[PDB]
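Here is the structure we will look at.
Using ideal geometry, Cβ is built from the backbone for each residue, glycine included, and neighbour counts are taken over all protein chains shown. Just so you know, all these numbers are worked out from the coordinates, no wet-lab data involved.
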């Protein structure tokens, strides 16, 4: 998560972020399903939370 | 990981009727379900449906306290772990006997008051938090 945030991250519906992450994982780091549900909460556990709008 | 409830294979786990299943190396059998069920996870569950038949059962709760190696201040819910609770204090026979005594006393308490049914004790915290949970998981 921090690797992607540093490399490629410069209302925040998070659809763009979720698709970027899932695609990234399914590519740069192996291949697997990336159910989101709480992935928004995981992203808001990262440094991107400070510059993030929790409300949709 | 977050787990998805099927909304099936759950009515049999909760409804106080009968259910049939088959074991390896012999025939199929049917039996009553005399069980008390409890589950927990650090990841939120998934309830696709909303019908009253599924939400009549179930009781959701959210724990508030937290244990960390450093009891950081400004958080009464934050405390320090006791590794002696896991490495020991569980295999101690006396602790098990005391816990059994507490459990049987609580069973007697539930027997004498509130009759025998458990859907009679009021716990506004549990109902409020379950209502909040049902407000979520509602797409």
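Quick notes on this structure:
- Point-to-point label distance, residue B:23-residue B:10, nm (Cα→Cβ direction, 7 Å offset): 2.8
- Treating r as the C-beta distance of residue A:41 and residue B:134 and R0 as 22 Å, the FRET efficiency rounds to 0.70.
- Note on the protein assembly as shown: antiparallel DSSP beta bridges, both residues inside, total approximately 60 percent of the bridges counted.
- Of all DSSP beta bridges confined to chain B, the antiparallel ones make up roughly 60%.
- Amide N of segment B:122-139 lying under 19 Å from the label point, which is placed 7 angstrom from the Cα of residue B:55 along Cα→Cβ: B:123-139
- FRET efficiency estimate (nearest 0.05) - Cβ-Cβ, residue A:54 to residue B:69, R0 41 angstrom: 0.90
- Neighbour-count order for A:5, B:47, fewest beta carbons within 10 angstrom listed first: A:5, B:47
- For chain B: Kirkwood Rh in Å [reciprocal of mean 1/r, alpha carbons]: 19.4
- Of the residues A:21, B:89, the one with the fewest other Cβ atoms within 10 Å heads the list, and the complete ranking is B:89, A:21.
- Among A:47, A:10, the order by Cβ neighbours within 10 angstrom, fewest to most, reads A:10, A:47.
- Approximate spin-label separation residue A:12-residue B:36, in nm, with each point projected 7 Å along Cα-to-Cβ: 4.4
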